[PDB]
Amino acid sequence: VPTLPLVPXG
Amino acid sequence: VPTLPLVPXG
Amino acid sequence: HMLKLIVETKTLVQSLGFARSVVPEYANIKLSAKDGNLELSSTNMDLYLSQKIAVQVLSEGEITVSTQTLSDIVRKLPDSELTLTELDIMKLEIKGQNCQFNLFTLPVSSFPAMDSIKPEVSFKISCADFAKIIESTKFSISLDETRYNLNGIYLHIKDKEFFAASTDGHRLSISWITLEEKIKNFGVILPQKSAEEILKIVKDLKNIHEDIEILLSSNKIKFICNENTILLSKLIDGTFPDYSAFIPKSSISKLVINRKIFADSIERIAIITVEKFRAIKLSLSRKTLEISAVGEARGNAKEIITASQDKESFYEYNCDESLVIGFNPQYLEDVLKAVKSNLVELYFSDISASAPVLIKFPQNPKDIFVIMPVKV
Amino acid sequence: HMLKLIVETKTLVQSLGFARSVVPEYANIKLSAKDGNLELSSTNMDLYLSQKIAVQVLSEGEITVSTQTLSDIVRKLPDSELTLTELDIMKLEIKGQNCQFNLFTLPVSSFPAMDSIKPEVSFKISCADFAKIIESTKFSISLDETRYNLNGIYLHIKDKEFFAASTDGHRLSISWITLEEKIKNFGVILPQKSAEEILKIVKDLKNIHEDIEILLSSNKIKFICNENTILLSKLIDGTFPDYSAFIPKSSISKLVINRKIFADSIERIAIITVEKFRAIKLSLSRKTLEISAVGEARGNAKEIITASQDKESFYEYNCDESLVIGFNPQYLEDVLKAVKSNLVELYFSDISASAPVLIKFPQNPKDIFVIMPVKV
């Protein structure tokens, strides 16, 4: 379950 | 809060 | 011998609705295709339900599958018909026009069979009459789990009548059906959950205009509703109290009132009450009825109903002496909502505000309700 | 100076509905009769709601009373009008034709007044456009209370557009309204509960065809909906992520499909999944789309959608190379249900089944959705 490219957080 | 004449129980 | 059948989706949805309301093995439904019918079997600790619906039986066989999964899928399918096919690898295929579901099945030999009854008495009544006596009594069952014997509906034959009765000690509800044939006296206590399930079954549009056979024994009750639905239930193992002593044998006065205006007014006035004092006060005279209540740190309320011989606003109390008496508003509402009648009658045994009050509905002579007052 | 007024019951019921959704002092509503209007004030820790409704003001004054008790009573009264009268002994009388309620009041001086805003920017938009941007973004707010800054809707002016944006890290939702006048860039994060309340207000039939003024500052947002409803809200004290980097800038292929058949098929196929693997698989080709899923110890499912240029069954995928990609079915459904459109477009950035997928609806060019795939 990959995340959006939130930095940080993903 | 009285009960019906149940014996026992009231 | 693998199950294969075509079924009208809407018919299967309805049968599965009943199966869902019944409920590791209890999580499954047994499907048996044989002799033009699909038999669906569901069970929990207290109930065994068997339903037969006509289908196109292409191949006879039996499977068991998760009740929830089958029901969830079928009620979302837009196809008017579904093909169900048992496949080799212990899987049930459900096929619509554009979609297919393969469900894991469980061994049929792990699914329990239904027990049997050796009835002491058996008789047939209409589904509509049975629905009525359950509707008139299911609301006054005790929820006090210590009062084991009051936690269901007493179903009993006495003389030529079939009675349902329930009480929680604050109110009594009685509703009956006349039986034509001679039948020996016998009684059982039907668990609340079994009453709820059989009520849903007899109220189904396919059954409501038909008949239900009822079979009673010391340890089981069996319903056969309109030939094709069988519900076997355990009983509450207790003795119901003799409630004949609770029914007033005479009255000094009576209130007759339009049922809807009375119910609606009780409901409005009761809003102001608190849980510690769930009580409304009736102040009765020839000219007016006042309904009032108080709620600590909330306020008070009153509504006036004036004497009227007009059916839609009916109020009469043919007694020179006024009466002030209180009731739990929920218990009054329960009774008033149970019978679709234009008028309702309250019979007062004596001048005291403590004696049981008898409630009857004109045009419904086979329903009797008794409610204890509360001090106000 | 005692409050006394006559109010249309249906109007008061609607205003109290909004007050109930806001919520010791928080349990009360303040009623102020002045200059032809009843002002109703409600507050909790984060919201202050003031509503003005036209009434017959017979005497000006202010009281406060339990919100629940007032609402419960008024929504059960059949009178088309009610008289509200403040009485001497700190009681509010509610009078219908045949019934009267007296409610305890609490001191007006104990009820908090509303704080103020020094706006950095203020502007007016239509209630219908504001409802749209909240409806398109409220579903993808994070419920992860550690991600404090993602627990609301980012409302911000950039260039001449007013955007709402939300993300939980798995999906991004963006919806905007063009502003005519020049306005400096500014943004705030609206708490979820405040978004829910203001959405109910602007969707009211009295407001949906009107305008809402919006005022933003570093620590508060103020809504003035159709002149007579004011909602002041706290903000989430955080910085919303820069999501512009999350939006695909190019696509190698795109799916165009009838929105309803796609949503309905995803919903059916997703039934077989389990909580540990909430995923559906899309297998895309020019000729067909297959939607499939699996559920451990439950089964599997598939639906086939074939190529069609007909609006009601539309499916096209103009790419020679097939694609297999998975999604959380709930997140796809959330987007598909947010916009009433005949078609929906899925844009794929690259051949991988891991790159963000951009979702757009034709005829709705001011809504953008991005969803991360899941491995299938």
Side-chain angles (χ1 to χ4, degrees), chain A residues 3-9, chain D residues 46-48 115-131 133-144 146-147 149-157 159 161-179 181 183-192 194-199 201-202 211-225 230-247 338 356 358 365-370:
Chain A
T3 72
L4 293 165
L6 280 68
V7 299
Chain D
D46 302 86
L47 288 178
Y48 203 112
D115 284 344
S116 292
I117 188 172
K118 186 184 187 305
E120 294 283 340
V121 299
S122 55
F123 56 95
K124 209 163 186 180
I125 57 177
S126 76
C127 289
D129 285 346
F130 190 51
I133 71 178
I134 302 299
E135 277 159 352
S136 290
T137 56
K138 61 173 178 58
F139 61 82
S140 42
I141 300 170
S142 178
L143 310 174
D144 192 331
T146 78
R147 319 283 285 277
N149 59 331
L150 306 187
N151 294 163
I153 297 179
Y154 186 41
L155 296 176
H156 67 125
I157 299 144
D159 312 325
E161 319 294 331
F162 181 46
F163 297 90
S166 63
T167 182
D168 60 6
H170 295 109
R171 57 246 178 87
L172 170 67
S173 301
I174 303 152
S175 192
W176 66 92
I177 306 161
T178 305
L179 306 169
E181 64 292 347
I183 289 171
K184 84 193 177 192
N185 288 8
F186 201 78
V188 303
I189 302 169
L190 184 69
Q192 183 187 4
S194 309
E196 297 174 343
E197 178 74 15
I198 196 59
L199 180 60
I201 291 169
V202 299
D211 298 321
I212 178 163
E213 190 177 10
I214 296 184
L215 303 83
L216 308 181
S217 74
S218 69
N219 75 333
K220 277 172 200 308
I221 181 167
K222 182 174 183 184
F223 303 101
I224 311 184
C225 179
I230 294 179
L231 185 65
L232 183 71
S233 170
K234 296 187 177 187
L235 307 170
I236 295 182
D237 202 5
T239 313
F240 203 77
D242 190 333
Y243 57 84
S244 66
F246 314 162
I247 296 172
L358 168 59
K366 302 190 189 190
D367 291 277
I368 291 304
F369 308 87
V370 183

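Each chain gets a letter, A, B and so on, in the order the sequences are listed, and its residues count up from 1. As a basis for the values below, the full set of heavy atoms in this structure was taken, side chains included, without hydrogen atoms, waters or symmetry mates.
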### Summary
Sequence neighbours excluded, the answer for ring pair (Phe, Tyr, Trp, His ring centres under 6.0 Å) partners of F139(D) is none
### Summary
Sequence neighbours excluded, the answer for salt bridge (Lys or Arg N to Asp or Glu O under 4.0 Å) partners of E120(D) is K184(D)
### Task
With rounding to the nearest 0.5 Å, note down the distance linking CZ in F163(D) to CD1 in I153(D).
15.0 Å
### Query
Minimum heavy-atom separation for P241(D) to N149(D), with atom names?
CD-ND2, 4.1 Å
### Task
Scan side-chain atoms only and decide if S136(D) and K366(D) contain a donor-acceptor pair under the 3.5 Å cut-off.
no
### Query
Looking at side-chain heavy atoms only, is the closest gap between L155(D) and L216(D) below 4.5 Å?
no
### Task
Enter the distance from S175(D):OG to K138(D):NZ here, rounded to the nearest 0.5 Å.
12.5 Å
## Note on the structure
SG of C127(D) to CG of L199(D), rounded to nearest 0.5 Å, is 10.5 Å
## Note on the structure
Of all heavy-atom pairs linking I183(D) and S122(D), the shortest is CD1-O, 4.4 Å
### Task
Kindly assign one of parallel, tilted or perpendicular to the pair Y154(D) and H156(D), based on the angle between their ring planes and the thresholds 30° and 60°.
parallel
### Summary
Correct closest heavy-atom pair for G169(D) and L6(A) would be CA-CD1, 4.1 Å
### side-chain contact (heavy atoms from CB on, under 4.5 Å) between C225(D) and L231(D), intermediate numbers included
CA-CA 8 Å; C225(D) 179; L231(D) 185 65; over 6 Å; no
#### Entry: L47(D) versus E197(D), closest heavy-atom pair with distance
CD1-CB, 4.1 Å
### Message
Under the rule for side-chain contact (heavy atoms from CB on, under 4.5 Å), what residues qualify as partners of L235(D), not counting sequence neighbours?
### Response
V188(D), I221(D)
### Message
Any donor-acceptor pair under 3.5 Å linking the side-chain atoms of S166(D) with those of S140(D)?
### Response
yes
### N219(D): partners by side-chain contact (heavy atoms from CB on, under 4.5 Å), with sequence neighbours left out
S217(D)
### Task
Nearest 0.5 Å please: distance from the CG atom of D129(D) over to the CD1 atom of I134(D).
12.0 Å
### Query
Hey, mind stepping through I230(D) and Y48(D) against side-chain contact (heavy atoms from CB on, under 4.5 Å) and telling me if it holds?
CA-CA 8 Å; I230(D) 294 179; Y48(D) 203 112; over 6 Å; no
### Message
Could you check whether any side-chain N or O of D242(D) sits under 3.5 Å from a backbone N or O of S244(D), counting only pairs where one atom can act as donor and the other as acceptor?
### Response
yes
#### Entry: Stepwise side-chain contact (heavy atoms from CB on, under 4.5 Å) check, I198(D) with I212(D)
CA-CA 10 Å; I198(D) 196 59; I212(D) 178 163; 4.0 Å; yes
### Flag, side chain of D46(D) to backbone of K234(D), donor-acceptor distance under 3.5 Å
no
### Query
What closest approach, in Å, do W176(D) and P365(D) show between heavy atoms, and which atom pair accounts for it?
CZ2-O, 3.4 Å
### Query
What pairs with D168(D) under side-chain contact (heavy atoms from CB on, under 4.5 Å), at least two apart in sequence or on another chain?
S142(D), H170(D), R171(D), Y331(D)
### Task
Check whether any side-chain heavy atom of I214(D) sits under 4.5 Å from a side-chain heavy atom of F130(D), and report yes or no.
yes
### Identified side chain to side chain contact (heavy atoms under 4.5 Å, CB included) partner of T167(D) from the options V370(D), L150(D), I174(D)
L150(D)
#### Entry: Whether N151(D) side chain and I141(D) backbone form a donor-acceptor pair below 3.5 Å
no
### Query
Who passes side-chain contact (heavy atoms from CB on, under 4.5 Å) against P5(A), sequence neighbours left out?
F246(D)
### Query
Would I133(D) and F162(D) count as a side-chain contact (heavy atoms from CB on, under 4.5 Å) if you check the C-alpha gap in whole Å, the side-chain angles of each, and the deciding distance to 0.1 Å?
CA-CA 9 Å; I133(D) 71 178; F162(D) 181 46; 3.8 Å; yes
### Task
Answer whether the closest heavy-atom distance between the side chains of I157(D) and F123(D) falls below 4.5 Å.
yes
### Task
Over all heavy atoms of both residues, which pair between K220(D) and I117(D) is shortest? Give the atoms and the distance, please.
O-CD1, 3.6 Å
### Query
Hey, what do you get for CG (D211(D)) to CD1 (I224(D)), rounding to the nearest 0.5 Å?
12.0 Å
### Query
To the nearest 0.5 Å, how far apart are OG1 in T239(D) and CD1 in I189(D)?
6.5 Å
